[PDB]
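# Working through the structure, step by step
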Amino acid sequence: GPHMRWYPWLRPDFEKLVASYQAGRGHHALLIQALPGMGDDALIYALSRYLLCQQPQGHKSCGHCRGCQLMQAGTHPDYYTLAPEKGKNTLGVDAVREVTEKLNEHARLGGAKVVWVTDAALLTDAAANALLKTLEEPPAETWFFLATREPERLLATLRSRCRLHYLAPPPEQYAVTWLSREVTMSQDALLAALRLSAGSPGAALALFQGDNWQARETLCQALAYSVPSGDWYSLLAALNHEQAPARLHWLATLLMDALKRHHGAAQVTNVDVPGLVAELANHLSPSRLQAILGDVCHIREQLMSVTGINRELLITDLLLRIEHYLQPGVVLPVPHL
Amino acid sequence: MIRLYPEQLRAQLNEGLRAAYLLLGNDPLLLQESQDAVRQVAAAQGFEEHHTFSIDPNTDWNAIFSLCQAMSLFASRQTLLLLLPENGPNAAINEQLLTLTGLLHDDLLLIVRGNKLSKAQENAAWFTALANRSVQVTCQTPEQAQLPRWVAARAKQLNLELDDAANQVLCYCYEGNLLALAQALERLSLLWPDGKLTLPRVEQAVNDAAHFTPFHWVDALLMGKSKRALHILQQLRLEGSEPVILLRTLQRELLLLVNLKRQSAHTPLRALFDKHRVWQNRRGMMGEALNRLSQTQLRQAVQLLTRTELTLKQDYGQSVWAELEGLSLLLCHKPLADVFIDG
Amino acid sequence: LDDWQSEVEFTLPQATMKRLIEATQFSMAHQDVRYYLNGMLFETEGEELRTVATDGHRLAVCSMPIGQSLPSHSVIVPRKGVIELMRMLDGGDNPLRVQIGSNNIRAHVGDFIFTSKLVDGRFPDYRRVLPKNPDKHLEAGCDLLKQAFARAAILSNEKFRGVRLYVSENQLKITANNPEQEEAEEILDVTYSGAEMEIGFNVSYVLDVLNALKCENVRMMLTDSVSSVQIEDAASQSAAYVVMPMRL
Amino acid sequence: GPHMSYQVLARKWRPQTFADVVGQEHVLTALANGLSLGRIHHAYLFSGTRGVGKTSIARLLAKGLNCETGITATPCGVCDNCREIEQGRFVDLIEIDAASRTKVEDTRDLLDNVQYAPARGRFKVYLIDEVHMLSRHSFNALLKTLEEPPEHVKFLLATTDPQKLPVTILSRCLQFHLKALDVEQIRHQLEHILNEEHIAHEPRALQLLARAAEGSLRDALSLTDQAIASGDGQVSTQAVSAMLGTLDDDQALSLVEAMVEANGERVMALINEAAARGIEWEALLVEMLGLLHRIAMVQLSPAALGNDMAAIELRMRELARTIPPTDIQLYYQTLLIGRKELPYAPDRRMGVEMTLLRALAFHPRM
Amino acid sequence: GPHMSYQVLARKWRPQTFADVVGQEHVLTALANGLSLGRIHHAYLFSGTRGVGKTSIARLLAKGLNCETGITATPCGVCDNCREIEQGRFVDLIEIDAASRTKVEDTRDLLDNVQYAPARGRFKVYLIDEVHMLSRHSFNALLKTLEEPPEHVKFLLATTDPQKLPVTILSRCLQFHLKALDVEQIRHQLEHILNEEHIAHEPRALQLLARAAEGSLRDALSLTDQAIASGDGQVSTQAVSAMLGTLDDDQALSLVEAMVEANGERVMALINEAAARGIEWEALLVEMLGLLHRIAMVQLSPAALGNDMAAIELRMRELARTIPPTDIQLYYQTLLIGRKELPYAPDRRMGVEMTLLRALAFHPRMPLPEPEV
Amino acid sequence: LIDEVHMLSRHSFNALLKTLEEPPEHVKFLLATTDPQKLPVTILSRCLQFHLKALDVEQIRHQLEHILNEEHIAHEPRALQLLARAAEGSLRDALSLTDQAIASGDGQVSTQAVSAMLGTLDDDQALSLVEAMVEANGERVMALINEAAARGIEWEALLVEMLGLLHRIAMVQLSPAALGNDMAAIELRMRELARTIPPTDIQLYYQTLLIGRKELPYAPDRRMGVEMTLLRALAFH
DNA sequence: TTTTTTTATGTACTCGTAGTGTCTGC
DNA sequence: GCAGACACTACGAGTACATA
Ligand SMILES: Nc1ncnc2c1ncn2[C@@H]1O[C@H](COP(=O)(O)OP(=O)(O)O)[C@@H](O)[C@H]1O
Ligand SMILES: Nc1ncnc2c1ncn2[C@@H]1O[C@H](COP(=O)(O)OP(=O)(O)O)[C@@H](O)[C@H]1O
Ligand code: BEF
Ligand code: BEF
Ligand SMILES: [Mg+2]
Ligand SMILES: [Mg+2]
Ligand SMILES: [Zn+2]
Ligand SMILES: [Zn+2]
């Protein structure tokens, strides 16, 4: 069936959206807002299997029409998926233009057509802007589908003409119960990983299943080593990687939990590791702690913003910046205007 | 297969020909003049008809026409001069070469010319079959420190007198670009057949046309010589490599140097270089490089470098290449910047 | 691919479809912003299978009677499908069975049925494009006009193959210019009577039209300089062409 | 298979007559004066923010230029040419998806056939949408045709922003800046549309949809269509309030007063409670900025509060009494900078926490 | 007669005699002197910002060269060749829209055809417009012909950014830079255009159009046509002001004076008046910044005020005399920060209100008093 | 004579190489270019390259003097130094500019036509404003801003050059000969402000110019922004 | 002695190849 | 006839360059 396994919390929204697509008053451009890995793409695939099914019933595809076997076979001339090319993290304007020009003709099968964009935010500005005038005035029986982490990042014009359908991550008790049903280790680290993932159970599942957990353990051990001594340089050995911004996010999360502990907040994101946050609060002044926080976040967004930048250099310069900030009598950054 | 130097390839050329010849190595001009010497030696000998073939993938072997059929009006033997691709050939071409050798006539000579090949390309079927009788020879341009002796030796071979100042200005202006060096030597010889050139007009007949690969750039910046670094950057003009290569280079050595300074309190710098075998001709040039610095100095360097790193790639700056002039010069006379930049 | 409804059957020699397509293929759009402009319009009438091709500035419509009752239906077929269909025509003895659908065009030739996807658009009303008054009408020998236009066009402007008719009483004057100024003038004796008039227009298009129809005696109809010219053969009215003027 | 496919409001209610357009009084008056008086021009570019109507104004102008009545200020709407332009069949209105058809090849192709007379209409209108994504060569190719086109061809440009165009093209067209539509115009148009569409609506819900659209008919109308899916058949205040994530409660000013008094624990507790309830963060900081503005304004001139501000005056005037004038502006600047950096933060809640901690860093004594 | 055709002011009023030009001296004089002295150089490039006359100057010079009589600096408007180039599509003027001719496949054809002699007049004038759009191979192809063209070929190259050209092309041909026009010249041209158009006009509206034209005459003429459309066929200060969005309404000097006098109530009243007027706030802020800048410039040197701004010069001088430079800098920085933060303000009116309030309360000589302690 | 060889296609270069390797003895053929780096190394190595140097200012000046004396045109020396300086070294450039000078000067290349050219050849502007910032010179700042406005160079680049000059000045303050090769023609005036001005004032000026650049694009006009930067710099000391 | 390491999108040019009009002594 | 010449025109690829 769906590539990503069905998630139980996605059932209600499905029905609601199916309702909007049964009366014929679907918006033909249903920009899904869901946290990455939470199951936005699964919902898109279920919906598109419904729509491109020329013989559906109720609220679920027949699964018997040979259109459905084309769907499960992964090949269909009325199903245009736009994904980044293998090895490149952006989908070009060439692919979007090809899809739009191919969508010009009728439906091959005597039914509807669906263009599904794998991730809206990854669109190049030229590519995204070339998708206008095709989802604003689409051909008859044309449906679009887009998924994103945060709609505000998109181009303003493109977001303007798309029905922004939100998905809420499940309540933390339900999410931790599901994780414990699927994932095995302690509930404390489970909750910590869930919080690190902005509340998305799928990303916490991905962090635990992958090697990211052992990487986080090594990084937190290195932090425990570095904080009393001030040898932040060693942390480079755990930061420089293909997935560097995620670990920088972990570091910033630790810093913010330290600042909250200084303010005495009861609930913290890194609750699984009280020793680290306690040490961070003890050894670092809040005035310099917020400076460390700001530079960490700035460098994170620079790593994740500009494509193909030398992560090693920026990470090491960050580490040297903390080295300077540890030294007393230094000017601290102020968020500029 | 012998893997010798052309100073001996001349000796094997003077003696009986050892079947196919393969001269390799990236050469500014030495490859072409060695080819010319081979051509004249062959012309003195039997083989005279030099058929030029460009070895390349997706290009069929028209050489088989010469290989299968013998010349009919003037046989006079003949020589197939093969031009290898800059990355080396593929397996199909490597085996078709063996097929050609199977088609080799007694009056046929095989000359294969190219750059250094990969081990699989080096140990292909054709080379393995030709390892019994053919020869292999390689050469490379002289280094910066090896230039003056080579230039003086060439001048003495050409029967023209040079001077220390003339050699200095030549090795500065023509550093590793032997074609330009040879043309300048001929120009100085023809301009004045007096045979005495000390420093009268050698600069007048010599321009600034030389290659400059990035590895030497830090070699100046580590001394912090303002005028020397500025002149090196001005020399880099008109052969301007895109900034990313230079940036990768200096970020490599500065990360290495900052790691070295962090570990300097630990195991000494020599045994630390034992890990950092970057072959900077001794690993001791870096040893005298690390003598003149400070931790705050490294901070001031890394701040500017990392600010440039986002200055060229985040927003595609156009002055960023000239920014390489800015970053290298400011470090020369900056013991430690009292913040005021802290980028 | 499955079968389709709204599927009227045709029985016609391949020569009929070949004549039709060859009559209205040179005036079919090629990579133009108007997406419906590509391909040919096949429209079914009780009288014929009319076909319409246009670039927006060459409107060629052919009408070969079919002898069968045809429910009114209008279709647009893209350029690729039309070219392939014309390639699959030969022989002239086998009956071609053209099967129309909502989104596809199928065709049975001999023992093979081939299909083509169908452009989604609403093609313009060609009848309104055709001029509403043929007040100035002239007839002239087809081959004579073709030869004269070729002669004039050999000095015409290269990028804009543009000549100018000057129609006077029983006389056609062709005048052509180009960069590196060269003037080509040619006078033809025609069967014309009416108001003196001049009109500039592309000559490649008119040469193409005359090549397509190639009758004994052509006649064209026209009113004013801005007005488009409607050219057909004087024998029948099965094929009509519309050429839009140069200048203004 | 609905009526064509525009069961969505965004396409169904695009105006068909200059009388049916909302706002844009200056540009509509200018176009009507030009059409009726006879002063016509070959190149108009309409520049304005998204969802204001530059495409619609351009198409309506194209209708008005080619109506069989003559060059009429108000298009017929019933005559054959207007019907054809509505269907898109009209062979002289050459619309261009210039964002999609960017290559200079196609610009040259469409410029070669400019000399031809129009097929049926008076003028051969070259409507170009999203002009700003033309490649530089295409922009410069359009130059000599934009400047002195033949007598019968007229260009229309419809770009999101004007400053990306080269200054050469920007100096050869009439720059009509479409003024963004204020809240009242949006509310009136939305109420009229809903009354035509026969679905019950509440005035305050329409006020929310107007104030959240930031001046755009397309944005507000899409938001209403989203609410119709949520609020069954009706744009109800509760449903749109929950969907839009508005700050119905008073926790906004509560965490304002917690933040200005350097109560980190209280601010964190309020943030945790709001995140648990399901708040939206951008609206939170917008409300912060508004409340701070009201506090500062009554700090300067009292009796400036209105409605809800005039009701919570008991707290607002006390805050204006206790907070110095200098620190109010600093809090406002910090909050607005945080709102600026909300997109550049992996988690929205984490971004708001960062902003609040930056604000509390002004007085981080305890 | 008045010839009521209503066809685009820009195209109707393109200069046709050598004297109708707006007042470019350093290029018109040079061209006239060259044509008088017989020094007709075979290739020269006109540069300058958009809509100054370079494409027009090229047409005038081709008119002058190919006149029926001897080469005359001031072309006649009666001979067949001048009439033809006047009407366009002239036989010997080959106007090449180089932006449409960039492939070398066409420049090669051009250099192929260049040899054949012209039929009428003396020269054949290759007016290659938008030169900078030619592809590199086309430039290199043109190089040898430009160095030594035949006797009867002149190359009229015109472009907007000559720095894009390969430097050798700049070397081959002369270089005439056309300076952007002054406000007085452009206003005089607008007066002439409207007077000949028999359209009533108001001096303030013409000054507004000249100011907003950014020193390029076609911008002013397009704006004049747009204002003629905006009004009921007449150019009025009210129509131009409302169409441009300028703040001539209630000026802006009242707002800045209320700022320096620290009267919050006056600022509020002016803000409410502007809001009822429905003005855009960013334009108001830009006006305030410009006022501050002019005040500072006058404080450095009283001759900085423009003649177009001679309406409020006394109060301008007084504000320059009173406010110390540091307060002016503080106001400028505060208002500039406000303008930067306007897109991120909760509302443009509210953001401008707080920017005014911040620049008021931080005024050192009269700050907003601390409430209690 | 195959002029401008750098435009030959790759296969064209291969044909040229096959002709050069076995050239007929009875023929030769020259060759010319402007960007020699584009030729293949084989043909460059084969050909006996001569490199032709850019003309010096004195060479161009004397040649132009001779040319003007040859036909009939009177000339004054300062105009000729100006023409040579603006020629940037190319003799053909000097001849094109002397044609323009003759045209504007009505058959006489006097100092006034080349003064009209002076608006184009006037280059040294960024250093004078830096020198005039550290004090109140009166009309110097107004004249320089008028020149910048009438010249319309990139204001962002102008202020970046200002910042670079000021930063190297601060570098010289902490090192008596920090660059040395910076502005060899102004090694007798720039040094005074390189050492006399206190480093604290230099840091404050750097702060002012950095703040001005950071806020420059948001000014009503970039000319107004640079004016305000200059006024702020002149406001303090 | 083998050593790190930016893109998307567009525009030209020149070399094969492939397909097709047209027509010439075969 | 006529197929093969012979021309001619269009398309892909490999390369060089530009600009954001
Ligand atoms: N001025 C207006 N009057 C009426 N409806 C408008 C107006 N502006 C926008 N709309 C609505 O917005 C929808 C899209 O308008 P459109 O003209 O495409 O905006 P854009 O300028 O961004 O392309 C229209 O279908 C119409 O419902
Ligand atoms: N010097 C001038 N005198 C009069 N009108 C001018 C002048 N320069 C520009 N214009 C106006 O601009 C219109 C187009 O000018 P144009 O010469 O095309 O400028 P460009 O140099 O950018 O091609 C003209 O029709 C004319 O009205
Ligand atoms: F800006 Be609109 F959505 F075309
Ligand atoms: F409008 Be101009 F030729 F820049
Ligand atoms: Mg639009
Ligand atoms: Mg022009
Ligand atoms: Zn099914
Ligand atoms: Zn005349």
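Criteria and thresholds
Residues numbered from 1 in each chain as written, not as in the entry; some residues may be left out. Chains lettered and ligands numbered in written order. Part of a larger assembly, values for the part shown. Heavy atoms only, no water. Salt bridge = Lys/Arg side-chain N within 4 Å of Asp/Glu carboxyl O. Helix = DSSP H or I, 4+ residues; strand = E, 2+ residues; numbered from the N terminus. Near = heavy atom within 4 Å. Polar contact = N/O pair within 3.5 Å; in protein donor to acceptor, adjacent residues only side chain to side chain. Donors = N, O, S within 2.8 Å, 3.2 Å for Na, K, Ca; no water. Tetrahedral: all angles 85-135°; square planar, octahedral: opposite > 155°, others 65-115°. Buried < 20%, exposed > 50% of the residue type's maximum accessible area, 1.4 Å probe, protein only. Nonpolar A, V, L, I, M, F, W, Y, C, P; charged D, E, K, R; others polar. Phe/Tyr/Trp six-rings, centres within 6.5 Å; stacked < 30°, edge-to-face > 60°. Domains from an automatic or database assignment. Contact = heavy atoms within 4.5 Å. Buried area = accessible area lost by both parts, 1.4 Å probe. Pairing = 2+ DSSP bridges.

As documented in the archive entry, the model was determined using cryo-EM at 3.8 Å resolution.

So, on to the pattern of salt bridges. Under the criterion given, the structure shown has 81 salt bridges over all chains. For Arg 39 of chain D, the salt bridge is made with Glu 197 of chain E, and the minimal N-O distance between the two is 3.6 Å. Of the two residues, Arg 39 of chain D is situated in the loop between α2 (25-37) and β1 (43-47) and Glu 197 of chain E in the loop between α8 (183-196) and α9 (203-212); the pairing between them involves two chains. Each of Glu 136, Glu 137 and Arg 161 of chain A together with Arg 14, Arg 59 and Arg 218 of chain D takes part in salt bridges that share partners, so that together they form one network.

To continue, consider the protein's contact with DNA strand G. In the region of DNA strand G, 30 residues are neighbours, and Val 93 of chain A, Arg 87 of chain C, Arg 108 and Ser 135 of chain D together with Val 104 of chain E sit closest. Of everything in DNA strand G that lies within 4 Å of the protein, sugar and phosphate atoms constitute 63%. Interatomic distance of 3.4 Å between a side-chain N/O atom of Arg 252 of chain B and a base nitrogen of DNA strand G. The side chain of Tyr 316 of chain B places a nitrogen or oxygen atom 3.1 Å from a base oxygen of DNA strand G.

This brings us to the coordination of the zinc ion (ligand 7). All names here are of chain A. Listed as protein donors to the zinc ion (ligand 7) are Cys 53 (SG), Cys 62 (SG), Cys 65 (SG) and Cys 68 (SG); their distances from the metal cover 2.3 Å. Considering all four donor atoms around the zinc ion (ligand 7), the spread of angles at the metal, 106 to 116°, places the coordination shape in the tetrahedral class. Going along the chain, you hit the donors of the zinc ion (ligand 7) in the pattern C-x8-C-x2-C-x2-C. In this structure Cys 53 comes out as buried when scored by relative accessible area, which is 5%.

For DNA strand H, the full set of nearby residues is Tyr 316 of chain B, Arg 136 of chain D, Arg 136 of chain E together with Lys 38 of chain F. One of the side-chain nitrogen or oxygen atoms of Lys 38 of chain F is found 2.4 Å away from a phosphate oxygen of DNA strand H. A per-class count over the surface near DNA strand H returns one nonpolar, no polar and three charged.

Quick look at the packing of aromatic side chains now. Enumeration over the complete set of coordinates arrives at 23 aromatic pairs over all chains. Between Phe 26 of chain C and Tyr 241 of chain C the ring centres are 5.6 Å apart and the planes differ by 35°, which places this aromatic pair in the tilted class. Taken as a pair, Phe 26 of chain C in the loop between α1 (14-23) and β2 (40-44) and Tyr 241 of chain C in strand β17 (residues 239-243) lie far apart in primary sequence, 215 residues in all. No difference in accessibility class separates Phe 26 of chain C from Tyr 241 of chain C, as the two residues are buried. Between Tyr 205 of chain C and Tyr 116 of chain D the ring centres are 6.1 Å apart and the planes differ by 65°, which places this aromatic pair in the edge-to-face class. Within this pair, whereas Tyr 205 of chain C is found in helix α5 (residues 203-213), its partner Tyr 116 of chain D is found in the loop between α5 (104-112) and β3 (124-129), the two belonging to separate chains.

Where the parts come together, the accessible area they lose is often given as the size of the interface. Residue and element names in this part refer to chain B. As assigned here, chain B comprises domain 1 (1-142), domain 2 (143-213) and domain 3 (214-311). Each of domain 2 and domain 3 has a C-alpha centre, and these two points are 31 Å apart. Each partner contributes to the interface: domain 2 provides six residues, whereas domain 3 provides eight residues. Taken together, both faces of the contact between domain 2 and domain 3 bury some 780 Å²; the carbon and sulfur share is 47%. Looking only at domain 2, the three residues that lose the most surface to domain 3 are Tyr 172, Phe 212 and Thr 213, adding up to 74% of its buried area. Put simply, domain 2 and domain 3 have zero salt bridges between them. Joining domain 2 to domain 3, the criterion identifies three residue pairs in polar contact. Taken together, the residues of the side of domain 2 that touches domain 3 break down into three nonpolar, one polar and two charged.

Right, let's talk about the pairing of strand β16 (residues 229-233) of chain C for a bit. Residue and element names in this part refer to chain C. Among the five residues in β16, five count as buried, and that is most of the element. Burial of β16 is two-sided: the residues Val 229, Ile 231 and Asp 233 facing one way and the residues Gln 230 and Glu 232 facing the other way are all buried. Two elements, β16 and β17, share four bridges in a ladder whose sense is antiparallel. Within β17, the residue paired with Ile 231 across the bridge is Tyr 241. The turn joining β16 and β17, which pair antiparallel and follow one another in sequence, is formed by five residues.

Once that is clear, we can look at the interface of chain E and chain D. Each partner contributes to the interface: chain E provides 53 residues, whereas chain D provides 51 residues. Buried surface at the junction of chain E and chain D, summed over both partners, amounts to about 4800 Å²; 59% is from carbon and sulfur atoms. In terms of surface lost to chain D, no three residues of chain E exceed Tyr 6, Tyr 344 and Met 354 of chain E, which account for 14% of the buried area on that side. At the surface where chain E touches chain D, the tally comes to five salt bridges. Remark: the boundary between chain E and chain D carries 13 residue pairs in polar contact.

With that out of the way, let us pick up the site of ligand 2. The full set close to ligand 2 counts 18 residues, and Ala 10, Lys 54, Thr 55, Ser 56 and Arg 218 of chain E are the nearest of them. Positioned at a junction of chains, ligand 2 has nearby residues supplied by chains D and E. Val 52 of chain E has a polar backbone atom sitting 2.8 Å from a nitrogen atom of ligand 2. Contributions of two or more residues to the shell around ligand 2 are made by α3 (54-65) and α10 (217-230) of chain E. Both of domain 1 (6-181) and domain 2 (182-244) of chain E provide at least three residues apiece to the shell around ligand 2.

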